[PDB]
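As structure tokens, the structure follows; a few thoughts come after it.
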Amino acid sequence: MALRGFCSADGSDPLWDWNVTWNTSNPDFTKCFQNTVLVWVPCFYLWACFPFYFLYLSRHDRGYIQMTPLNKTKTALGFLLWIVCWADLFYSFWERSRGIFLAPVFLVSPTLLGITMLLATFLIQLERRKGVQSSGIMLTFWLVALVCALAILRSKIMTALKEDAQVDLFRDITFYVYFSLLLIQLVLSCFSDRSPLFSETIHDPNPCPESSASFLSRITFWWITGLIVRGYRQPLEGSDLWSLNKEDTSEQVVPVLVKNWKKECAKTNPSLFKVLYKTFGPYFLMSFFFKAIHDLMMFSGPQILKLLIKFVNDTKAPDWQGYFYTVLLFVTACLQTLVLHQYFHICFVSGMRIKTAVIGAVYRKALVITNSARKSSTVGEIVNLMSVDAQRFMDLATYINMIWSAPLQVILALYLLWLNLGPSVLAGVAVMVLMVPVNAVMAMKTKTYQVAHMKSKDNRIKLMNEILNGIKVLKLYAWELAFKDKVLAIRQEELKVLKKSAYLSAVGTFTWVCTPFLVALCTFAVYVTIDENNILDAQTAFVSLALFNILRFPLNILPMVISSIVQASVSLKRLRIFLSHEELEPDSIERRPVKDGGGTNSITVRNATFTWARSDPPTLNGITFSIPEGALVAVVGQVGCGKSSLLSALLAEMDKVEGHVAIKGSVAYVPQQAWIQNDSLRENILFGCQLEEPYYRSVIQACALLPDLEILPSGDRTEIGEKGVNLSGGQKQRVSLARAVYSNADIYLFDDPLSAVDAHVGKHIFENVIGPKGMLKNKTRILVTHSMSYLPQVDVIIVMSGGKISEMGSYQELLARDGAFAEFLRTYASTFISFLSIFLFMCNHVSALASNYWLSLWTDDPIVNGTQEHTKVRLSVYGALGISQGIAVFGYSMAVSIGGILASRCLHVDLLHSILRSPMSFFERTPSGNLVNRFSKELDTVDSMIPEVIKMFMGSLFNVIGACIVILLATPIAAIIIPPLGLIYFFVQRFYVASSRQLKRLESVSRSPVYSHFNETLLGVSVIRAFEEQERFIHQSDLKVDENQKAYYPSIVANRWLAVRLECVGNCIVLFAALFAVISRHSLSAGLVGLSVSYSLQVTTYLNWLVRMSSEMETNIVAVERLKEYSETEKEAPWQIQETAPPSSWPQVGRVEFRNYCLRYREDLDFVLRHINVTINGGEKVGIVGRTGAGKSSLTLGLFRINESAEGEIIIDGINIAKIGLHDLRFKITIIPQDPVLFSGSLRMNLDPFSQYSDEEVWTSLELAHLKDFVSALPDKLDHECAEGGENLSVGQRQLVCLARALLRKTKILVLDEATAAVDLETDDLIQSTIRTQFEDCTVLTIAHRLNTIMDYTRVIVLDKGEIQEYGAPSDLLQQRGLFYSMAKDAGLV
């Protein structure tokens, strides 16, 4: 109560009173309140925020920005503020001392301001000293001080010119200059600072601009707008991305995690999340602080809505009050944005961090530890674990903070409902509870549906695969139309099944979208019809509607989160058990590979004992020997003796039970197995070392790689290893030994590398390198093998068995012993419809509009004697409108099912395209399998997506246009604001959709290489460990993962920037829809304004939903554009049209005609044939033998006539080919396939494409055709449906069945289409024997590649250089060396 004695002696100026600040038409605060509270507000904030900010800043020194003029002017500004504010105290002291009583308020309020501003000046000076450009705290303090000063200024100006007011002329000017200069300070302190003296960017020219940006720029994400503008027009690729800010690269992040883990495990456990609780933990506190405020804003919204509605209901409140209601709400919304989307970012970045952390751990753990203990699968348990666990750590970061936030909201919301609608809203809660099962039930119901259908879908796909193989090697015949007709029939059956599936799914999802409407319907009905005296009002109704809208989301989000937590916990165990698998083996057991550079003995050992594992008996025991320096030693044992075990033991990869071991010098290891990194041969041989000439040529020639270099297409520049050319095993060991010797080591160790090398080459390599004649004779060389030729010439041989060295000595002494070596030599070795859908969508949307309008008309019914006139008709018509909604939604669900039927007719058009590609001239020299295989299947699979794609997009667009029209039909004046907002939205959406597509491709591009490198390192871990060069490989992995991380960062930033820039549109439209409604309160019912303002929030959320889904799914629109682009391969020249139907007079003789042939290869090449004119008379035969594929294919193509034949006529037997039926003659000539192929499908139908032939004659021919082995190969034989062109078992019996088919068609003239060329010898003999025995009554144009049976010809002609030459007398043609004989000679004479 001291304030009453503080403001004045009499206490005639009290505090807050509604009679002066709330109930009047001219609001204004009282004197002492302005004197104390308003000026006390900002100082408390500054004094509270000072110490924490100082403490945080005391750990992040970054620069020494010295003398920028902005700091000087700001400091002078603060000092001159302080001097005047203390001059005020001096003034007041003068008057109070003159004996004038002064209110104690004036000696307390101004004095603290000087101290506060001096502290602010000291803070800005320290800020300059520590060197940070943008200040995120000064802006808020200046802003709040300015707001308080503006309020005081409004009060003072209002009390100034009221009527001859008497004011002291000292405080007015002082306060005016104070406020104005605070304004100038605020506007001046917002631009920037210049730069720190020394910066991190000393060499890199492309850093992230985020490091240096203003506070407003960081809040609004401004730089990425410029990045997107740059990337829009030209493609965004390559190094255009920025570099990391050196807090995200693993080089300085992984070390902290790994050292903390090592400390904890040595202390050892609480899993790695508990470690991050002290490492990554201190980066979550803000992520928890922000969420509470973000939550409180949404619930603060509808309360303001209800207050505004209540104010609108009144008709006597002062008008200005309404403005105070509308200015606040907008501001609140803005703040909500600036705390939500800024939150996600930080959370997201932390998630990104954790990922790279584990990338540094597992690799570093896998490379150096757990030897012989890795018993899990080499693939599927490490790389699979790596990838899956790394990728499953992104969602949990997003969903971790929701676990407490998700239910809280719900509960609070429920309370508000129970506060507003009353306990009958607990029955409304029962209604929402009955809404939450059906949804889940629908979900679960939907679940089972697809899986059954997926099984059905699974069925279809395997069938499709078979069909594709059917056309992989197909060349002729028209069975394709028929079995694809069967395929489309079964596809249509599956499509009726999918019609029922789409029925179910569509009704589920779209009645789910309608579910909020009907749950609001049911809640409203049950509330209004229960008991009496409960009259619906716009306030309660619309608060309930808004709360239902805001509550629908978290309930649906709640599932899939607990499952995510469960799966994360499951995944955690594997990583924990793998990381806690330390059992650190290779600390030290040796005297290290090199400790002294000189000595007499290189390898010594005594009493050594080794075993594979502690659970196994010792495989090696009692090992004791000494090996001198630079000696030739060979260790010998039986197969399975244990030579490799001791060999690895000397490499220090074994378990030493006991024994003293000593080794000197650097070492090089050659295992029997070899692993090759995917790189160039040059780089693979180098393995880090630079080129050394002529030492490079020296080692290449010693390796004798010159033939190997020249046979390879690119010499020593082509890719080696996987993902390309394959090498031979012997060449693999040659490459391994080449890189080993090029390494120029001290000790060389070999595990029978010459196992796959030729003995001649083996001895040459022996005398070139490893043997005494080699240049490396001055080093120590150890090799283990079981060779017999090279043992005599080596220095010393030591033989072991049973885990112990049986004997030692040189070759001469061992041979003289006549013992173990002698027995080794003795017993071994040597001595329309679319318009309907549009109409239905229009009907649905206009019906929803009418329902809302009728709700508006209901809510404003005047109350009479307790009730509102009539309500039965209102409920009846409202339910009728809901039934209309249901009918409309079912109608357009049936419409999208008929859209699936449209997709079915599009698949009919696609199979028309399949029969379109029957011409195959382009198919010959173009890639065939992969393109069509992926093409057809992927298009057909995602073609079922597009009915879902077009539907929801159309729905959302109609929803947003309906929202626009309904906000329009409320106030005709507010129409002046929509076009600019629409234009801004269109530009933003176009830029984002054109930018994000290129960015999201780089992630898929760069995901694979890190996994590939990890697998590559794991496969050859032993060798790289043996080479002692591990820093390079881990550095390479670090660089690769950093490169992959480089492109991932700027994607989530753009995703956040979209929402940040888009929520402002919603905020502005809400604010203007309210403001244009308040001004005309006198002529508006509560219902109209209620609907209009309530629509604003759902307009915002519908716009967000539309942009996000139908832009990432307008990205799916881009995907279907890509689908059409893929399906844009048509317009082929060849075609089968125009026919000749003359009388048939064929075959009896076989007269042949050739004239003016210019036959040749691809158009740009030369003429293989040049105007050949040979009229082969009837009875005279011509054996066209030459090179391979010269003219036989040309004759076959001329006989194929499948292409357009507007011209071309050849006279045969005196009756033209045009005078013979085209299809009749082309399928009448018996074409025996070059590659023997049995037809696909049922064999009986295979041999009866038309089924117009008697089976008895077929069986007679088959009895004459003893060649039916592949017929027996098929299980069901004649009734066996075949696939892949009947290519299952051996090819000779395929030729047998092909001859059986030739005798089945049984035409007097058969053209031997290179069947005898691509066959072996014995089958050739058998087929030629049966050709005589049966076809001695046939006209044979025998074309044979092998002269074993050619001598039975008539007149052979050589087409030397593709030109007809000497005819007849085959022996003479052998004497004149024809071209056919030329290719016969070309095949390896020596």
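Heads up, residue numbers simply count up from 1 along the chain you see.
Recorded method is electron microscopy, 4.3 Å.
Placement of Cβ uses the backbone N, Cα and C atoms for every residue, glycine included.
Some features that Swiss-Prot has for this protein:
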CARBOHYD  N19  N-linked glycosylation site
CARBOHYD  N23  N-linked glycosylation site
TRANSMEM  34-54  transmembrane segment
TOPO_DOM  55-74  topological domain 'Cytoplasmic'
TRANSMEM  75-95  transmembrane segment
TRANSMEM  101-121  transmembrane segment
TOPO_DOM  122-133  topological domain 'Cytoplasmic'
TRANSMEM  134-154  transmembrane segment
DOMAIN    284-567  domain 'ABC transmembrane type-1 1'
TRANSMEM  323-343  transmembrane segment
TOPO_DOM  344-399  topological domain 'Cytoplasmic'
TRANSMEM  424-444  transmembrane segment
TOPO_DOM  445-506  topological domain 'Cytoplasmic'
TRANSMEM  507-527  transmembrane segment
TRANSMEM  550-570  transmembrane segment
DOMAIN    603-827  domain 'ABC transporter 1'
BINDING   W612, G637, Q638, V639, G640, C641, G642, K643, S644, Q672  ATP 1 binding site
CARBOHYD  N865  N-linked glycosylation site
TOPO_DOM  906-948  topological domain 'Cytoplasmic'
TRANSMEM  949-969  transmembrane segment
TRANSMEM  971-991  transmembrane segment
TOPO_DOM  992-1062  topological domain 'Cytoplasmic'
TRANSMEM  1063-1083  transmembrane segment
TRANSMEM  1086-1106  transmembrane segment
TOPO_DOM  1107-1390  topological domain 'Cytoplasmic'
BINDING   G1186, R1187, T1188, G1189, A1190, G1191, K1192, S1193  ATP 2 binding site
**Asked** For the binding-site residues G642, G1186, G1189, which Cβ has the most other Cβ atoms within 10 Å, all shown protein chains included?
**Response** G1186
**Message:** I need the CA-to-CA distance for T1188 (ATP 2 binding site) versus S644 (ATP 1 binding site), whole Å please.
**Reply:** 52
**Item:** C-alpha separation across unresolved stretch of 100 residues from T831 through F832, Å
**Value:** 94
**Residue numbers, six or more beyond the limits of the topological domain 'Cytoplasmic' (906-948), whose CB comes under 8 Å of its CB atoms** = 461, 464, 468, 471-472, 480-481, 484, 488, 491, 498, 502, 896, 899-900, 1116, 1119-1120, 1123, 1126-1127, 1130, 1132-1136, 1162, 1202-1203
**Message:** With Cβ-Cβ distances below 8 Å as the criterion, list the same-chain residues six or more beyond the ends of the transmembrane segment (75-95) that contact it, or say none.
**Reply:** 102, 106-107, 110-111, 113-114, 117-118, 120-121, 124-125, 170-171, 174, 177-178, 181-182, 184-185, 188
**Integer Å distance between the CA atoms belonging to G1189 (ATP 2 binding site) and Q638 (ATP 1 binding site)** = 55
**Asked** Taking the center of the Cβ atoms of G1186, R1187, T1188, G1189, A1190, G1191, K1192, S1193 at the recorded ATP 2 site, which other residues in this chain have a Cβ no more than 8 Å from that point?
**Response** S1194
**Prompt:** C-alpha of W612 (ATP 1 binding site) to C-alpha of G1186 (ATP 2 binding site): distance in Å?
**Reply:** 65
**Prompt:** When you tally the Cβ atoms that lie within 10 Å of each candidate's Cβ, which of the binding-site residues (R1187, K1192) has the highest tally?
**Reply:** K1192
**Complete:** Here the recorded positions are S644, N865; the one whose Cβ sees the most other Cβ atoms within 10 Å is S644
**Request:** Take the C-alpha atoms of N865 (N-linked glycosylation site) and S1193 (ATP 2 binding site) and report the distance between them in angstrom, rounded.
**Result:** 102
**Under 8 Å by Cβ from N23 (N-linked glycosylation site), counting only residues of that chain that are 6 or more apart** = none
**Prompt:** With 41 residues not built between them, what is the whole-number Cα-Cα distance in Å for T268 and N269?
**Reply:** 6
**Prompt:** For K1192 (ATP 2 binding site) and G642 (ATP 1 binding site), what Cα-Cα distance in Å is obtained after rounding to a whole number?
**Reply:** 62
**Asked** When DSSP states are grouped into helix, strand and coil, how many residues of the topological domain 'Cytoplasmic' (445-506) land in each?
**Response** 54 helix, 0 strand, 8 coil
**Prompt:** Have the transmembrane segment (949-969) and the transmembrane segment (101-121) got at least three CB pairs under 8 Å, pairs 6 or more apart in sequence?
**Reply:** no
**Complete:** Per DSSP (three-state), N19 (N-linked glycosylation site) is helix
**Request:** Tally every other Cβ atom lying within 10 Å of the Cβ atom of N19 (N-linked glycosylation site).
**Result:** 7
**Fill in**
Quick tally, other C-beta within 10 angstroms, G640, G1191; top of the binding-site residues is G1191
**Item:** Chain residues in Cβ proximity to the transmembrane segment (101-121) (below 8 Å; excluding those fewer than six residues from its ends, i.e. six or more beyond)
**Value:** 6-9, 32, 35-36, 39-40, 42-43, 46-47, 50, 74-75, 78-79, 81-82, 85-86, 88-89, 92-93, 95, 138, 141
